[PDB]
Amino acid sequence: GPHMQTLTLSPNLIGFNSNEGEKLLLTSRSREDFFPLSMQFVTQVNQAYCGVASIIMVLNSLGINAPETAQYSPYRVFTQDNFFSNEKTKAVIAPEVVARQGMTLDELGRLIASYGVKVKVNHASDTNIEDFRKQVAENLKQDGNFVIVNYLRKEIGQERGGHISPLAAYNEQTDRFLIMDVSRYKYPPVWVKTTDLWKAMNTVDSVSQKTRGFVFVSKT
Amino acid sequence: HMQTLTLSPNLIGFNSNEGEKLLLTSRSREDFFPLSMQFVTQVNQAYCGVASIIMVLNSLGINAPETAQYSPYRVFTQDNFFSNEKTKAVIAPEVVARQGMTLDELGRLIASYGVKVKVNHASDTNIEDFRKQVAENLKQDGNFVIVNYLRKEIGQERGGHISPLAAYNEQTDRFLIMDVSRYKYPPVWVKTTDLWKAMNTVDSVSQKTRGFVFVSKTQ
Ligand SMILES: [Ca+2]
Ligand SMILES: [Ca+2]
Ligand SMILES: [Ca+2]
Ligand SMILES: [Ca+2]
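Calculation rules
Residues numbered from 1 in each chain as written, not as in the entry; some residues may be left out. Chains lettered and ligands numbered in written order. Heavy atoms only, no water. Residues with missing side-chain atoms left out of burial classes, pairs and counts. Donors = N, O, S within 2.8 Å, 3.2 Å for Na, K, Ca; no water. Helix = DSSP H or I, 4+ residues; strand = E, 2+ residues; numbered from the N terminus. Pairing = 2+ DSSP bridges. Core = buried A, V, L, I, M, F, W, Y, C linked by side-chain atoms within 4.5 Å. Buried < 20%, exposed > 50% of the residue type's maximum accessible area, 1.4 Å probe, protein only. Contact = heavy atoms within 4.5 Å. Buried area = accessible area lost by both parts, 1.4 Å probe. Salt bridge = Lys/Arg side-chain N within 4 Å of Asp/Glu carboxyl O. Polar contact = N/O pair within 3.5 Å; in protein donor to acceptor, adjacent residues only side chain to side chain. Nonpolar A, V, L, I, M, F, W, Y, C, P; charged D, E, K, R; others polar. UniProt positions renumbered as here; feature names shortened; annotations may be inferred.

Structure determination for this entry is recorded as X-ray crystallography, at 1.09 Å resolution.

Now the structure itself:
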């Protein structure tokens, strides 16, 4: 000591709309969730609503019975505008609060569960990279369930704070996951190395004083 | 899975195993990647053309107008698309909200943002040239295709619609429509002959056929 830090590394992302990124989807054999999520992909309506956008993508992909939207009647879908129609949802965290400060991993899980949907919240501190990779890759091969991640953007080479978005696929050959980034005005979907995504989840959110992590969602 | 309307059997939904395989076995699918990145729900039942335009303009990376919530970032949205006099001079947003837009108006609205637009009424071409020219575009980055067609002629409810095309599957001779009415229907793979018939219908507003538009950067 002191540590001289001779070798330092920065995370390498592959964009979905790159030639390589396209190839990673086509060579993935853990990509069932990509198709329904792609059908539902939305832009977060404000710079704090990443979790709401992520939730409604998953609820619509699961075919969860949705609130009315007068503009679409008789058709009904979850939107960021109607997601808080259920008072139990507002009781977790109110929309005006989310619009200022976002949501924590535990709030994300509780907001989903307020609609009676099955959830399993995994803080990084309570699991490990090997179980994350294995369990998420399995979910990505399975219909009827989805995965949402909460991670510090800085640790995957983006700016900057905590973010939430669904995962859509896992490329086995490169050990990368595809993040369907709902901040569509800022970044494309990206393929991130498991080790970098793990590092980014294994950070402490000062709002919760707990680590970030990932949530499994399925229909009951 | 999502609660959209049951499709007529001549259509293969993107929301089906076969529909996924048609993307995986397509050799004309480059446009799917950027278009999927930009896919949006039309904000009302008249705004299909606006949703389609913004998907394409965002996919092309055009400098975009100011937004209500994303500053300093900018993207085309259904709320900011009409934020200049040149675009509004084509057709007023108040009218698009009640009547939609014709094929010619679609073209002019796109062109008001400075990009290169070619409008093809079905009457002025033929099915073989439609298939070849569109499949070629679908392999090429930096350009896109939007169709205007009568939904009933492909089995769907009901009137004239507008949405982008994302891919062409050679074995089945089907095009993938990225249907912006996401609350009602999934994206669908439609036989070329059905899509051709649906474009070769007379829009009562224009007394011209429907058709398709090619869009690329002017630069
Ligand atoms: Ca490519
Ligand atoms: Ca499946
Ligand atoms: Ca799954
Ligand atoms: Ca193209």
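With that out of the way, let us pick up the coordination of the calcium ion (ligand 3). Note on metal geometry: ideal angles are 109.5 degrees for four donors arranged tetrahedrally and 90 or 180 degrees for six donors arranged octahedrally. Residues and elements named next belong to chain A. Protein coordination of the calcium ion (ligand 3) is provided by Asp33 (OD), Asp33 (OD), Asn139 (O), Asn139 (OD1), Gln142 (O), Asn145 (O) and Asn145 (OD1), with donor distances spanning 2.3 to 2.5 Å. The motif formed by the donor residues of the calcium ion (ligand 3), counted along the single chain, is D-x105-N-x2-Q-x2-N. With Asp33 in the loop between α1 (19-26) and α2 (34-40) and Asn145 in strand β3 (residues 145-152), this pair connects stretches of sequence that are 112 residues apart.

Glancing now at the sheet that holds strand β3 (residues 143-150) of chain B. All names here are of chain B. Ordered by their spatial adjacency, 7 strands build an open sheet running β1-β6-β5-β4-β3-β9-β2, and the pairing between neighbours is antiparallel. Because the sheet does not close on itself, it has two edges, and the strands there are β1 (12-13) and β2 (116-121). Alignment of β3 against strand β4 (residues 160-169), held across 6 bridges, turns out to be antiparallel. Each bridged residue has a counterpart across the sheet, and for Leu150 the counterpart in β4 is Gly160.

The next point concerns the pairing of strand β6 (residues 188-191) of chain B. Residues and elements named next belong to chain B. Pairing of β1 with β6 involves 2 bridges; the strand directions are antiparallel. Bridge assignment links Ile12 to a residue of β6, and that residue is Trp189. Sheet topology places strand β5 (residues 174-177) next to β6; 4 bridges connect them, and they run antiparallel. Of the residues in β6, the one forming a bridge with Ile177 is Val188.

Turning our eyes to something else, we now look at the nonpolar core. Counting 92 residues, the largest nonpolar core has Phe83 of chain A together with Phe81 of chain B as its most contacted members. In terms of residue count, helix α3 (residues 48-60) of chain B provides more of this core than any other element does, 9 residues in total. With near-sequence residues (within four places) excluded, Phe81 of chain B lies in contact with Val50, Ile53, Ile54, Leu57, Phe76, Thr87, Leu109 and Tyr113 of chain B.

Counting through the fold element by element, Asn120 of chain B comes out in strand β2. Each residue touching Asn120 of chain B, except ones within four places of it in the same chain, is listed here: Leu103, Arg210, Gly211, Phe212 and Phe214 of chain B.

This part takes up the pairing of strand β9 (residues 213-218) of chain A. A regular strand places its side chains so that they alternate between the two faces of the sheet. All names here are of chain A. Burial of β9 is extensive: 5 of the 6 residues sit out of reach of the surface. Across 6 bridges, strand β2 (residues 118-123) lies against β9 in antiparallel orientation. Across the sheet, residue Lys120 finds its bridge partner in β9, namely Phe216. The sheet contact formed by β3 and β9 spans 6 bridges and is antiparallel. Across the sheet, the residue bridging to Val149 is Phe214, located in β9.

Quoted interface sizes are often the accessible area lost when the parts come together. Taken together, the contact pairs 34 residues of chain B with 35 residues of chain A. Counting the surface lost from both chain B and chain A, the interface buries some 3,200 Å², and carbon and sulfur atoms represent 60% of this. In this assembly, chain B and chain A are joined by 0 salt bridges. If you look at where chain B meets chain A, you find 12 residue pairs in polar contact. Elements with a contribution of two residues or more to the side of chain B that touches chain A: α1 (17-24) and α2 (32-38) of chain B. When its residues are assigned to classes, the side of chain B that touches chain A shows 17 nonpolar, 11 polar and 6 charged.

All names here are of chain A. Taking the numbering used here, the UniProt-annotated feature "binding site: Ca(2+) 2" (unreviewed entry) corresponds to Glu32 and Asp143. Look at the named residues: they lie 112 residues apart in sequence, but the longest C-alpha span between them is just 6.4 Å, so in the fold they bunch up. For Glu32, the position within the fold is in the loop between α1 and α2. The partly exposed category is assigned to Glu32, whose relative accessible area is 23%.

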